[PDB]
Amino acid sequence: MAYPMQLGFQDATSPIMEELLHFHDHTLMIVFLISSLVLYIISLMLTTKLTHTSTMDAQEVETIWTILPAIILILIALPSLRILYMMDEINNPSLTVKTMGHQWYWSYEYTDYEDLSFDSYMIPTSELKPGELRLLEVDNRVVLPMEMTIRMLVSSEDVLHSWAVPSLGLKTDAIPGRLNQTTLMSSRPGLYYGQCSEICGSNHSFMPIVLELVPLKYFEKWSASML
C-alpha cells in the first residue's frame, strides 16, 4: 500500500511492476527534459531587447522539430512495447482464482479442486482493530501462494468494477458477461492492497482488495479450512 506524502509508485512486488518502475523512470526523465527545455526556451525568447520581426524561413528548423521528437517517441515505444509483450507471454500458471465484482464487495472462487468461494467486504471504520487501515482492510483476504504464477480471472455480476493491486502492476476491468485474464506472481510474502477502479455506484470508494501472500503449504491448509 501507499504511505503518507508518497510521490511515486508503490514499491514493486512483482517482476513486471519492477519493469514498469524502470520504464517510468526512463519516460519521466524525457518528460522532465522536454518540459525544462520548453520553459528555458520561453525564458530565452522573453529576455532580450534585440529584435527580428521580418519574415523567418521555417523549413530547415522544421526538420529538427519533427525528426528529434520522432526519435524520442521510438526511444519510449521500444521499451514500452517490450514490457507490453512480456506481460502477454505464455507463463503456465499453477493456480486459477476468479474474482467477481459486486455492488459493493468482491467474491473469490478457487475451483481448481474443491468448491471454495467467499465474499470480501471492507472493514467499517468503527470496527477496525488498532493499527488497521481505514478503507483498505477486508474481513476475508485473498490468500495466495507466494513465488508462484497465478491466473486471475475477473468478472462482475452487476455493473462494471475493476480489480486493481498497484504494487503488483495489476488492473483488470470486471465486466458482466466477460471473463478477463491477468497473471499475478508475488516475489514476497505479505499483504498487498488495492481498490475498485471503475465507478460502480454508492460505495465505489469502499470495496477494497487485500491479497495475502504466504508459502504454498499455508495456502493449502487455509484453502482446506475455507471449504
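For every residue, the number given is its place in the sequence shown, counted from 1.
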On mean Cα temperature factor in this entry, is 162 to 170 or 63 to 71 the higher one? 63 to 71
If you average the CA temperature factors over each stretch, which comes out higher, 50 to 58 or 189 to 197? 50 to 58
From 150, 87, 100, 136, the top C-alpha temperature factor is at 87
Taking the values exactly as deposited, rank residue 154 by C-alpha B-factor within its chain and report the matching third: lowest, middle or highest. lowest
Residue 91's Cα B-factor: lowest, middle or highest third of the chain? highest
Residue 112 - Cα temperature factor, lowest/middle/highest third of chain: middle
Residue 184 CA temperature factor, ranked by third within the chain: highest
Would you mind ranking residue 227 by its C-alpha B-factor against the rest of the chain and naming the third, lowest, middle or highest? highest
